[PDB]
């Protein structure tokens, strides 16, 4: 272990007194030694703490210490850039530029795989970041001018511009940025304009199209629609399999521009993109299956296809509709999008759904009323034969609601599970909105679409838990789209067939799914349940019966469904109806003991809050007070001869808590001397509060704080 002391004393002296070979051995030693790793790493941070000047001359005199020396420079730059004088740091910057030009101009850099090039570019980035605004106004023109000499220099500068586009908030300030840098932007376009037409080098063109893609939004419109740029991207760079995915992004970015003086060129863009896409991809080709076997590169084309069609059509569909000739091409392109919409993935679905939402929204705002059950809306007439495909598509693809909790595993196992954030939920809400619009377009077709698949489900044909889940989720999202007289006639058939489906299905695996679907599909229709009493009775009784279920997740969901029903239908529970002589709440209060036994305590609390909300709706003078008495008689009786549930019912029932609060009021103060916040906050009688409940405070409460 004597050599360890020699190697330790060797490195400490050379730094404060530089030799290349001794520096080389150390960085290799740390990588190939266990102790050497830790000791030299500590030695590296100790050497880095000193200063920079040894670094640059170390570079001048290699790859491992290049990464090392670049770490030294990059780190010391961010620290002392504000401290050092502007001229000296600019001198370091000139050294960086010269190093970049030199190393990028060497053919062996390509054989070096350009790792040193990438890191050296990062250093330029870190410098340019803080320097650019107040130091270099000509950096743009300098790079453009230096890119006109060689290939490697140019393409590397395209990477630089790409990185500059990464390190470069507000609408107005960005528009001022465009108007101020438009002069410097024209040159950046002209460079790419030159390369794309004159160059034979694919690696150069790829980075060129990448940079032109990123700088496209800021570049003035005069260099875009007034030139052959659109036709160039159409005929030349669209066909080539090398640039198929990167050029599609550019055309997408082109389509995002708001029309002002240019109208025809956009139609030409659409016609030519479709002319070339129909040749690139066949209409008969299934997109989903080609995406499944699609390579990493093959998928980006499809995603960019959906991204493009959505981007363009959202702005210029009106311009395409206007001409009678473009109507056919629009139908074909819409067909294309409809095909792409069938790809099973997280991203692409939301991308094309972003279009379907907008589509449904516009013609809904045109004609809110459904047709039918002439004067056909002009906007509807065009999209008419492609509308029913969207409804048929939207119903089957809808995701899980935030309300219900039932999850299927890949092996076919059913279980309750909660998922992260709002990504899966926000999607569901969006599909819900879109389907609502489309349902408003025609409720008849929507009715038939759902009735047909329900009949196939009752028959059992193609019956899987997921297949019924998607449908019932759809029906739950339709809530409020159809008129009362039509909604009743339609929903009663759905409920009846759903109950019969629950009867046919055997086992807990099926029963859990059917209960889940039947609970969510019920909770979303309170306006139907308040119309029919006996119907609501059968439903709520089914809830209470499903709270007897042993399978986890079902009963917890049944409690939430009960709350969801109790909230809106609160007025229908207390009153004695025409069909039944005894109030439903009265029946519940004597039957609760057998129901709440299987439930978790946390679920029981929610159940009590539901009952408290039901009984709080009734007035009827002293009648509701007697019902509150009967409701809380069981837990409260043993108190005279826990409080959390009491204050829960206090906030649930509301102000008329005086009948139960009064009897236990005095004892609270008497024991406390040895709940009010909730009642007072909910009380509507300040006159009674101040003159009765307020005086017994001073002695028991105010003096207590002193004592």
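Counting begins at 1 with the first residue displayed.
Placed from the backbone N, Cα and C atoms, the Cβ positions cover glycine too.
Quick look at what Swiss-Prot lists:
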type	residues	note
MOD_RES	420	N6-acetyllysine
MOD_RES	422	phosphothreonine
MOD_RES	424	phosphoserine
MOD_RES	428	phosphotyrosine
MOD_RES	644	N6-acetyllysine
REGION	385-455	region 'Interaction with RANBP3'
REPEAT	200-223	repeat 'HEAT 1'
REPEAT	224-260	repeat 'HEAT 2'
REPEAT	489-527	repeat 'HEAT 4'
REPEAT	534-571	repeat 'HEAT 5'
REPEAT	576-613	repeat 'HEAT 6'
Using a 10 Å cut-off, grab the number of neighbouring Cβ atoms around the Cβ of residue 428 (phosphotyrosine), all chains included. 18
Protein Cβ atoms within 10 Å of the residue listed as 'phosphothreonine', excluding its own: 11
Residue 422 (phosphothreonine) - helix vs strand vs coil (DSSP): coil
List the Cα distance (Å, whole number) between residue 428 (phosphotyrosine) and residue 420 (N6-acetyllysine). 14
How big is the Cα-to-Cα gap, in Å, between residue 644 (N6-acetyllysine) and residue 420 (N6-acetyllysine)? 30
What is the Cα to Cα distance in Å between residue 168 and residue 169, where a stretch of 7 residues has no coordinates? 11
Over a break of 6 residues, report the distance between the Cα atoms of residue 61 and residue 62 in whole Å. 9
Going by DSSP, is residue 644 (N6-acetyllysine) part of a helix, a strand, or coil? helix
Other C-beta atoms that fall within 10 angstroms of the C-beta of the residue listed as 'phosphoserine': 14
Using DSSP, what's the helix, strand and coil tally for the repeat 'HEAT 6' (576-613)? 25 helix, 0 strand, 13 coil
Excluding its own, the Cβ atoms lying within 10 Å of the Cβ of residue 644 (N6-acetyllysine) add up to 8
Kindly report the helix/strand/coil residue split of the repeat 'HEAT 2' (224-260) according to DSSP, in that order. 19 helix, 0 strand, 18 coil
With helix taken as DSSP H, G or I, strand as E or B and everything else coil, how many residues of the repeat 'HEAT 5' (534-571) land in each class? 30 helix, 0 strand, 8 coil
